[PDB]
Amino acid sequence: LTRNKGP
Amino acid sequence: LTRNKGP
Amino acid sequence: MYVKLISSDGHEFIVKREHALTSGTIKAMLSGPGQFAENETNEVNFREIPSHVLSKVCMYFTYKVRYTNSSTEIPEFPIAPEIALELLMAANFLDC
Amino acid sequence: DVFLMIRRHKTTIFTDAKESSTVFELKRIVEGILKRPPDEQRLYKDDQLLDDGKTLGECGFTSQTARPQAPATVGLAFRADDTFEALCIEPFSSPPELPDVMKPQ
Amino acid sequence: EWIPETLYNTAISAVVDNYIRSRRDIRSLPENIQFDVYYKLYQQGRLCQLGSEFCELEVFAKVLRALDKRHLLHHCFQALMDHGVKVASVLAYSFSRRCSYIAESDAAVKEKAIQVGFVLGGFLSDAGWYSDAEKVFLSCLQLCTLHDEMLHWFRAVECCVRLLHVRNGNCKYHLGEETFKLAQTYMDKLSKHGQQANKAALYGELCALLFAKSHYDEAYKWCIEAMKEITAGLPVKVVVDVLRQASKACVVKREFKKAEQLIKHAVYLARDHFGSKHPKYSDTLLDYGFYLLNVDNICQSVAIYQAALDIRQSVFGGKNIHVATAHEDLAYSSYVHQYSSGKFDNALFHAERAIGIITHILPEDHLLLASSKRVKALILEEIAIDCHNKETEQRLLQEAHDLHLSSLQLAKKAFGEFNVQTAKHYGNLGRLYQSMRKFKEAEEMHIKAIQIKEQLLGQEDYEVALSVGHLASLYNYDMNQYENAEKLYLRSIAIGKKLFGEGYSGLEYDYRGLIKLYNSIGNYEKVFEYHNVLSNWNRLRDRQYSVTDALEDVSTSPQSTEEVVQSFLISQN
Amino acid sequence: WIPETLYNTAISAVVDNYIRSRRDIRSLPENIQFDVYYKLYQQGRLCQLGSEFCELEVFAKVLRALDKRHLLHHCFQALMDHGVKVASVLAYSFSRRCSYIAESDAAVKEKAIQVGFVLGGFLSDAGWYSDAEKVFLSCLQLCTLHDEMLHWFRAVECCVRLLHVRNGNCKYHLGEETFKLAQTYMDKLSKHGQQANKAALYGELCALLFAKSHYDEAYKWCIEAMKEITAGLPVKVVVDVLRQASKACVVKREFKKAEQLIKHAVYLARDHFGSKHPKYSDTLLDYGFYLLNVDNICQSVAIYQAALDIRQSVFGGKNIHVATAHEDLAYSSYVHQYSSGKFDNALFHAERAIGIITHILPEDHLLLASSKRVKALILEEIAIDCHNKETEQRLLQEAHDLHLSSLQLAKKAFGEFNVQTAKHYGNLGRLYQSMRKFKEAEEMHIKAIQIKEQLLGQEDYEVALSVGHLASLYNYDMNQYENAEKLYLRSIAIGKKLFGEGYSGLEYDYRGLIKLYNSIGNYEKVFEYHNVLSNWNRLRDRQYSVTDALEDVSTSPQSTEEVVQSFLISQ
Ligand SMILES: [Zn+2]
């Protein structure tokens with residue numbers, strides 16, 4: 001878990 | 001393998 | 001206490017009034033000017049319903065009144081295939 | 001309980017009766033409906049007079065052949081003070097002739 | 001070659017292509033012609049034009065009268081059930097509704113309706129629609145028990161010997177005993193009036209009922225009675241029923257010598273009258289595979305079960321309970337055969353497709369899942385412990401736990417607490433908890449299975465030997481309780497050696513467990529002598545591996561009816 | 001045990017004696033006919049029911065039973081799951097009917113248009129937009145041969161309904177021409193001194209421009225639509241315009257107005273249509289879109305699931321309307337459980353969406369782009385949670401195939417310069433970061449920033465999300481901290497401006513800055529970012545207060561013209 005949710 | 005088949 | 005469900009053919013079907021109010025339409029036809037008939041039993045003319053199918057309607061009345069809220073298993077109403085279509089339109093018009 | 005269609009010419013009384021009840025109570029029902037004396041009423045179970053003494057269960061009406069779904073018919077005749085009258089039950093109508101679909105044509 | 005197409009077959013193609021304009025006139029055709037138009041509609045992919053005619057009772061009745069083309073009818077009927085139309089329930093409802101209207105009719109119309117109902121219900125029972133065949137046979141029984149005439153008891157008991165058949169296949173075992181009692185009541189009324197009816201079919205179906213309910217002690221007595229009631233004038237189907245079900249009741253009560261005679265005679269009779277591509281011959285192949293599975297002849301059972309499945313996938317189609325039973329039986333047999341090899345690809349494929357059918361055509365609370373799920377929850381175990389991954393192993397063991405729990409819940413709902421099927425589910429759960437590292441629950445489930453199997457089946461049986469093998473494999477390899485593991489291994493090897501001779505497959509598992517047992521504590525003389533015994537076991541197994549295929553092992557006419565039966569009965573004393 | 005009605009008993013008897021009276025059922029009253037055909041459905045006689053519903057004459061009388069329409073939409077669906085192409089046959093039959101009565105008087109031409117309008121509206125409600133388009137094209141032809149006032153109103157209404165079936169079918173190139181033709185007919189109406197309402201047409205144009213990611217012009221056109229709503233409009237038209245205006249306000253970053261717009265739309269649908277209507281399910285779907293874009297995420301799953309359960313009861317399986325609810329609930333459940341990581345219910349709804357859309361739509365259709373994206377996003381996040389490398393490199397490969405398919409569809413339809421293809425680029429950048437591919441992920445993310453910055457502004461939600469993804473790529477993967485710091489600050493500032501301090505996307509930026517400063521220096525920044533992250537967690541403890549949005553809307557919040565006027569006076 002290093003980035004945010006996908007667009 | 002340790003046991004036999006299942007009933 | 002009895003009503004006279006006269007069919008189109010002319011066969012009067014004197015059935016109990018409590019049986020007749022199973023159908024909403026007969027209840028409506030017995031309300032208002034339809035209840036003003038003083039001659040005891042009320043005559044309900046059915047010039048669109050033939051006699052052979054109004055007889056099955058009256059049998060259904062006596063069937064549903066006797067088999068209402070029954071504790072045991074209930075049998076299906078015996079309806080002939082050759083009368084099923086005519087008794088389908090008779091069941092819609094009478095709302096029973 | 002037994003369920004009957006007391007038919008005379010075109011009238012069809014959709015009444016009910018007990019299996020142990022007698023013909024006198026049924027004639028009293030017809031008193032209560034068609035206001036006629038029981039002495040002017042001869043009831044026919046398929047061309048057979050019912051004596052007033054016997055019960056509905058004895059003459060043939062049971063709770064299996066006279067179910068509420070398909071009540072068993074019984075005849076009725078009126079006297080009019082002249083040697084009574086014969087049974088004149090008029091059949092209801094003929095349902096439209098719906099032929100067998102698999103009949104060869 | 002290039003033969004010209006037959007004018008009959010060419011006019012079928014022309015009539016089908018003009019089907020819409022001639023829908024009403026195809027009903028006005030001979031019964032052999034009317035089938036071929038409908039079979040062409042099936043072959044052309046027009047299942048909805050086919051399904052609009054097979055939903056009708058009286059069109060399907062004339063289609064049913066073509067007895068030779070019943071395999072084609074079963075294939076197209078299964079195609080309609082896979083299509084989406086519910087023709088099996090529509091035909092049952094139509095028969096019941098059209099048949100309750102002639103309760104007061106004359107005897108000719110009533111017996112015509114009873115004959116049509118026998119044909120239709122027998123079709124739905126052969127097709128596997130037991131819930132939709134019970135209603136047909138219930139209506140038939142209703143019209144048989146109306147008049148107090150002589151032949152009506154014969155037709156009533158002939159209805160009841162088929163209600164008991166379609167209730168065993170529907171796992172409605174609680175109605176089965178009352179159906180047997182009611183059939184016996186009409187047999188009593190037949191016997192009072194000096195007309196003794198044949199009791200082979202009813203006693204056979206009662207034997208199947210009691211074998212399914214795990215009442216093998218009483219099922220063996222009832223199959224003895226059924227085999228006593230076999231005469232020469234019986235239909236071949238009834239004789240085959242009694243033979244295969246008596247063979248299943250004998251192989252479960254360790255009467256292996258009798259069971260092979262009965263089941264080989266049943267297979268020969270099924271292949272003789274019916275043929276090599278008949279559903280009844282496939283039923284005999286399934287029961288013969290059950291025999292071969294229960295006498296350690298596993299390799300022949302796999303090929304026999306595959307023969308049963310290939311027939312059932314040929315006559316029937318996809319989502320059918322008969323194909324599902326063939327799958328769940330072949331999946332377990334392949335699981336047993338490849339238990340040492342570890343190649344559970346075909347076994348998992350057959351187990352997954354078995355559940356994929358029953359979950360589609362049967363309710364989620366039906367007992368028939370409890371078998372199939374069990375088989376999958378065996379195979380999914382062995383693949384998991386073979387896989388070196390831990391995540392996949394944990395997930396597969398959790399899935400197998402879910403399947404075993406559901407099967408055990410179904411066994412509790414139907415059979416109760418002290419049934420052999422419940423004991424099998426307890427043994428499977430004990431094996432799983434041994435694999436799940438839940439040692440206390442594993443030994444609890446195993447010892448509960450030991451208690452249930454010992455108090456009901458008996459001390460000297462195969463199932464209790466397999467369960468003590470599981471329990472002491474838990475004790476020896478895993479739980480490290482080396483004292484009673486010796487006693488349970490000695491019991492297991494004693495029962496296995498006395499029951500299957502020296503070539504029992506589980507003997508090598510027990511021998512390896514016993515060798516590990518001793519090597520963990522010493523006593524190397526025991527290790528040496530039992531290594532010698534294990535070497536003898538390997539020398540015996542590969543010697544007896546070379547046995548011919550079991551399909552032709554039954555040969556062609558080795559014995560005859562009333563000789564197999566007599567050989568089974570005179571040795572019952 | 002209660003006796004069945006003589007009506008139901010005779011329905012059972014007429015069905016059972018079906019073919020001997022199958023031509024006499026068509027002589028029955030309309031409600032009786034619907035009951036007979038519904039009994040054919042209930043008994044499982046889907047073959048005969050399909051054989052009768054493929055006839056336009058039989059189906060037109062079935063469509064007259066409005067109160068039982070919710071049953072018909074179900075029955076129809078079973079037929080379309082039965083393999084019988086009922087919608088295609090009905091559309092072809094209606095086109096043949098129109099071609100036959102092309103030369104006839106207007107008293108029978110108007111009758112077929114009204115039969116065509118109800119059938120086309122049924123197929124549009126059922127989701128067969130490719131089959132409802134033929135019916136409406138035939139109706140538009142009937143309005144096109146002659147030129148008069150009544151035919152002009154019918155042509156305007158038919159172009160309005162034809163725009164809707166060209167929007168759900170994702171044919172926007174034909175949709176713009178449809179709007180131009182509709183504008184031509186309304187100009188011809190206006191030159192004769194008569195004005196027709198433009199609320200429905202401009203609402204469908206707002207849907208068209210929202211689908212084409214022209215959010216600014218879609219917002220302008222929904223303002224134009226809402227400028228012309230009166231009390232005489234049908235409830236369905238007002239609901240549709242309110243939904244489209246709310247969605248345009250959401251993507252225009254005007255979260256305040258969209259609140260009242262979508263809440264009044266949901267209340268209007270729940271009041272007039274009820275809690276078990278497909279239009280109310282559409283309102284719930286747009287309400288979930290609102291709640292997902294507001295960062296009220298945990299509530300949104302409870303609204304998509306409410307939308308899905310209505311669309312799964314009114315419509316059976318293998319339908320585009322239940323598939324859109326599946327793909328929207330799959331995304332929101334992925335969004336709601338992104339931090340938790342339990343993508344079990346999310347993946348099931350994603351595979352159900354593609355498993356439907358691949359069955360009823362062609363492989364080159366745009367609804368696969370919005371469905372393959374969600375499944376690939378769930379698959380990528382699942383595989384980074386499992387420790388199997390051979391399973392991770394398979395799931396990321398499958399997600400790569402799905403992202404490439406979605407990108408191909410988006411580039412074929414919208415072109416390379418669009419918001420949809422750019423968020424596909426950003427999703428590919430995230431996936432390439434997960435694939436341990438560095439330069440390719442950087443190029444994808446830079447392209448996503450370039451396309452999402454000019455077409456959405458410098459301070460939009462989507463561009464902030466892509467800036468956060470690029471910052472995580474530079475920080476956790478590439479070690480380019482000099483740019484990653486600025487990108488993280490930009491993303492935090494934009495998220496603070498649009499959403500505030502309770503934005504759920506700020507955690508992945510705060511922890512990124514914490515790690516970056518841990519491995520570059522300035523520990524006094526690390527301590528205060530830990531303090532800010534703790535404050536953010538404490539604020540999210542109160543912002544996590546779960547309610548029911550169906551109670552947030554409550555009962556009778558405002559008036560119909562009140563919400564429209566409040567939206568209009570605020571520009
Ligand atoms: Zn079909």
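Numbers here mean position along the shown chain, with the first residue as 1.
Header entry for method reads electron microscopy, 3.3 Å.
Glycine is treated like the rest: Cβ placed from N, Cα and C.
Look at Swiss-Prot and you will find E:44-77 tagged as repeat 'TPR 1'. What Swiss-Prot records for E:114-147 is repeat 'TPR 2'. Annotation comment: Swiss-Prot describes E:200-233 as repeat 'TPR 3'. Summarising the annotation, Swiss-Prot assigns repeat 'TPR 4' to E:282-315. The repeat 'TPR 5' annotation in Swiss-Prot covers E:327-361. The feature repeat 'TPR 6' is assigned by Swiss-Prot to E:423-456. Among the features that Swiss-Prot reports, repeat 'TPR 7' is placed at E:465-499. Annotation comment: Swiss-Prot describes E:508-541 as repeat 'TPR 8'.
Contact between the repeat 'TPR 2' (E:114-147) and the repeat 'TPR 3' (E:200-233) is not supported: fewer than 3 Cβ pairs lie under 8 Å, counting only residues 6 or more apart in sequence. Spatially, the repeat 'TPR 6' (E:423-456) is not adjacent to the repeat 'TPR 5' (E:327-361); fewer than three Cβ-Cβ distances between them are under 8 Å for residues at least 6 apart in sequence. Long-range contacts of the repeat 'TPR 7' (E:465-499) within the same chain: residues 254, 423, 427, 430-431, 434, 439, 442-443, 446-447, 449-450, 453, 506-507, 509-511, 513-514, 516-517, 520-521, each at least 6 residues beyond the stretch ends and with a Cβ under 8 Å from a Cβ of the stretch. Outside the repeat 'TPR 3' (E:200-233) by six or more residues, the chain places 157, 160-161, 164-165, 167-168, 171, 173, 176-177, 180, 183-184, 187, 239, 241-243, 245-246, 248-250, 252-253, 255, 262, 415, 419-421, 456-457, 561-562, 565, 568-569, 572 with a CB less than 8 A from a CB of the stretch.
Ranking E:282-315, E:327-361, E:508-541 by CB pairs under 8 A with the repeat 'TPR 1' (E:44-77) puts E:282-315 at the top. Residues of the same chain lying 6 or more positions beyond the ends of the repeat 'TPR 8' (E:508-541) and with a Cβ under 8 Å from any Cβ of it are 469, 472-473, 476-477, 480, 482, 485-486, 489, 492-493, 496, 502. DSSP states for the repeat 'TPR 7' (E:465-499), grouped as helix (H, G, I), strand (E, B) and coil, give 33 helix, 0 strand, 2 coil.
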